[PDB]
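Before any questions on binding or motion, here is one chain by itself as C-alpha cells, the form deposited in one PDB entry.
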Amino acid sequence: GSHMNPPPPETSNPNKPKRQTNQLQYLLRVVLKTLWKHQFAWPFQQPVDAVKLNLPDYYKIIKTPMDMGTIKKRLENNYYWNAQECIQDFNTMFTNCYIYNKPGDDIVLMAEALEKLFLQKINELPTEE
C-alpha cells in the first residue's frame, strides 16, 4: 500500500525456530476464534491505515504496531515458539489502542470489551503439555 504506512509486522521467517504447542493451538482455536468473530473485532482485524484514516501522527506515536490480522496469520503460519509471544502480541495491540486514543472513545470501549474476553480466555489457558 502507501509508502506512508510502515511495512506490516513479520509473519514468516524460515530462520526463526517454531513450534506448535497445545497452548498455541488453544490460542488459535479458542482465543483468536472467539475474539475474531466478536461484534467489536473489526477495528482490530487489520493494520491501521493511517493514510486512509487521515491520522498522519499514528506511526509517530505507535512504534510497536500489532493487529489481530497479523496475530491470526502468525498463528496460521505457526510463527511462534511459545504462547507468551502470542499473548504479548495481543497485549501490544490493546496497549497501542489505549495509548493512541482517549478513555471512553468508541475504539477504547471496544478494545476494553475484547480485552476482558481475552483475559477470561487466558485465565483458562491450559498447562503446556
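All residue numbers are counted from 1 along the displayed sequence. Rigid core here is just the name for the largest C-alpha set that superposes within 1.5 Å across the two forms.
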Rigid core superposition result in 7 other deposited structures of this protein, more deviant of 15 to 23, 114 to 122 by Cα: 15 to 23
Greater mean Cα temperature factor according to the PDB record, 29 to 37 or 53 to 61: 29 to 37
Residue range whose averaged C-alpha B-factor is higher in the record, 100 to 108 or 87 to 95: 100 to 108
Third of the chain's Cα B-factor distribution that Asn77 belongs to, per the entry: highest
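Unshown form solved in complex with a partner chain; subsequent notes refer to it.
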Proximity of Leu55 to the partner chain in the bound PDB entry, heavy atoms at 4.5 Å: yes
Contact flag, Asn101 vs the partner chain in the bound PDB entry, heavy atom cut 4.5 Å: yes
Interface membership of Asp106, the partner chain in the bound PDB entry, 4.5 Å heavy atom rule: yes
